[PDB]
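Residue numbers (full-length UniProt numbering), protein chains in the order written: chain A, 30 to 94; chain W, 31 to 94. Backbone N, C-alpha and C define an ideal beta-carbon position, used for all residues, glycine too.
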C-alpha cells in the first residue's frame, strides 16, 4: 500500500471504449492486484480484479469483440 | 495505430510475469495482442488465442 497506482475501484466499464486493459499483480509494491483500463479517449479507469464484469471483459477481449 | 508485436513467444508462466496487458483488436491491429513484462523486466508478446494465456490472465485477476 506504498506505491499503488489505484486509490479506488469503479464499475460500469464497457469493452467498446477500452483500448488497453492491464493487470498489475499484487506484490511489495501494492497489497492488492489492480486492473487499469486505458480507454480510447486516453483516460484511465481502475477496476477491481475480483469483479465478474471485468473478468468477462478480459475474456471477451482475448476471445470475441 | 499499428501492432506493437512483430512476433509471438511461448513458455511464459504466471509466476514469471510482473505485468500483463491486453490490447484488443481494432483498426490499429488485426489481432488482439498480449504484452507481458516479466519479473526480469524484458517484455514478451503472448498469443491471446492460446488457452494457456487466457487461463493465466484470469488467474492473475483471481490473485494467483
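Find the nearest neighbour of residue i within the set the options, judged by alpha-carbon distance.
| i | options | result |
| --- | --- | --- |
| residue 32(W) | 62(W), 63(W), 58(W) and 51(W) | 58(W) |
| residue 56(A) | 49(W), 41(W) and 55(W) | 49(W) |
| residue 88(A) | 54(W), 72(W) and 74(W) | 54(W) |
Between the beta-carbon of residue i and the beta-carbon of residue j, is there less than 7 Å?
| i | j | result |
| --- | --- | --- |
| residue 90(A) | residue 52(W) | yes |
| residue 78(A) | residue 62(A) | yes |
| residue 42(A) | residue 66(A) | yes |
Is it buried or exposed for residue i, if we count other Cβ within 10 angstroms and need 16 for buried?
| i | result |
| --- | --- |
| residue 76(W) | buried |
| residue 36(A) | exposed |
| residue 94(W) | exposed |
Can you give me the C-alpha to C-alpha distance between residue i and residue j, rounded to a whole angstrom?
| i | j | result |
| --- | --- | --- |
| residue 84(A) | residue 30(A) | 23 Å |
| residue 86(A) | residue 45(W) | 23 Å |
| residue 92(W) | residue 68(W) | 19 Å |
| residue 71(W) | residue 82(A) | 30 Å |
| residue 47(W) | residue 64(A) | 15 Å |
| residue 73(A) | residue 74(W) | 23 Å |
| residue 34(A) | residue 34(W) | 24 Å |
_Suppose only complete runs of 3+ residues qualify. What are the beta strand (DSSP E) ranges in the segment 31-61 of chain A, listed by chain order?_
Complete beta strand (DSSP E) runs here, min 3: 47-53.
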